[PDB]
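Going down the list, the protein sequences come from chains B and A. Sequence positions in the first sequence follow the deposited numbering and run 1 to 79. Sequence positions in the second sequence follow the deposited numbering and run 1 to 80. All C-beta atoms, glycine included, are put in the ideal place defined by N, C-alpha and C. Remarks on the structure that follows.
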Amino acid sequence: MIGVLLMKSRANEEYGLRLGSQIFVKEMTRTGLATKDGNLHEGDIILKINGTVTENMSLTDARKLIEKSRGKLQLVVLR
Amino acid sequence: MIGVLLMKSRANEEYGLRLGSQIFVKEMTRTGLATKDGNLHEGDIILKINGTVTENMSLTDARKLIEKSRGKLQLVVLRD
Numbered sequence: 001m002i003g004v005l006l007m008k009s010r011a012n013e014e015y016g017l018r019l020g021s022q023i024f025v026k027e028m029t030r031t032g033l034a035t036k037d038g039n040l041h042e043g044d045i046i047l048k049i050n051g052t053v054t055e056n057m058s059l060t061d062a063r064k065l066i067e068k069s070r071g072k073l074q075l076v077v078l079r
Numbered sequence: 001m002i003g004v005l006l007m008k009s010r011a012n013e014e015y016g017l018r019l020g021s022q023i024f025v026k027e028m029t030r031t032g033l034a035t036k037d038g039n040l041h042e043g044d045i046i047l048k049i050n051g052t053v054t055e056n057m058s059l060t061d062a063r064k065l066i067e068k069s070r071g072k073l074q075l076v077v078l079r080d
């Protein structure tokens, strides 16, 4: 970990920092289909869930898309 | 990019997939303090903003925390 401190003044009032969010694989259970399928890795960045892009999507909204899948979950994953 | 397809049946009804979200540095502008300070990198994962942990925080909420910093922004960033 490193700390970074940005401080405004009349020389520069702009942080000049654009943030995003990404959805990632936190854990795969030993007993689940994710593990049994064997393709997904913990820490993988999920790019799409069932056609819908996940960049900047909230975790809550991404979880809703998983509940919506109705037993068919097509993921696209960064590699 | 690779595709992964998980399919439920009576043999296994558990995806067994826990998701998280992380906040990351999308861009630093050429003219901004982030660039001028020189420590932050594009693609860095932000772990905390002014003491508040960012794992699983929405982008909207994280952005609110940057607006609340009032000209002093202390970040903790993943290097590990």
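In its chain, beyond the 5 residues on either side, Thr-35 have a beta carbon closer than 8 Å to the beta carbon of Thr-29 of chain A. Your pair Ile-45 of chain B and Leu-78 of chain B checks out as a contact, with CB atoms roughly 4 Å apart and the cut at 8 Å.
Counted as a single uninterrupted DSSP element, the beta strand (DSSP E) harbouring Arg-18 of chain A occupies residues 17 to 28. If you draw a straight line from the Cα of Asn-50 of chain B to the Cα of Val-4 of chain A, it comes to about 10 Å.
For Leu-33 of chain A, the enclosing alpha helix (DSSP H) begins and ends at 33 to 37. Exclusion of the five residues before and after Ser-21 of chain B leaves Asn-56 as the residues of its chain whose Cβ lies within less than 6 Å of its Cβ. In the three-state DSSP reduction, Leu-65 of chain B falls in the helix class (H, G or I). Setting aside the 5 residues that flank it on each side, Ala-11 of chain A has no residue in the same chain whose C-beta is closer than 7 Å to its C-beta. Annotation for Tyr-15 of chain A: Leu-6, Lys-8 place their beta carbon closer than 8 Å to its own, counting only its chain and skipping 5 residues before and after.
Note on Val-53 of chain A: under 16 other CB atoms within 10 angstroms of its CB, so exposed under the neighbour-count rule.
In the DSSP assignment, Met-7 of chain A falls within the unbroken beta strand (DSSP E) covering 2 to 7. With a threshold of 8 Å between beta carbons, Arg-10 of chain B makes no contact with chain A.
For chain B, the residues of the region 17 to 37 of chain A that bring a beta carbon within less than 9 Å of one of its beta carbons are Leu-17, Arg-18, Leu-19, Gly-20, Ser-21, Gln-22, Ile-23, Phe-24, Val-25, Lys-26, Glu-27, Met-28, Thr-29, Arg-30, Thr-31, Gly-32, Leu-33, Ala-34, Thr-35, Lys-36, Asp-37, in chain order. The beta carbon of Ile-66 of chain A lies closer than 7 Å to those of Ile-49, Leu-73 in the same chain, with the five residues before and after it left out. Under the 8 Å criterion on CB atoms, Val-53 of chain A is classed as non-interfacial with respect to chain B. Here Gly-43 of chain B is exposed: its Cβ has fewer than 16 other Cβ atoms, across all protein chains shown, within 10 Å.
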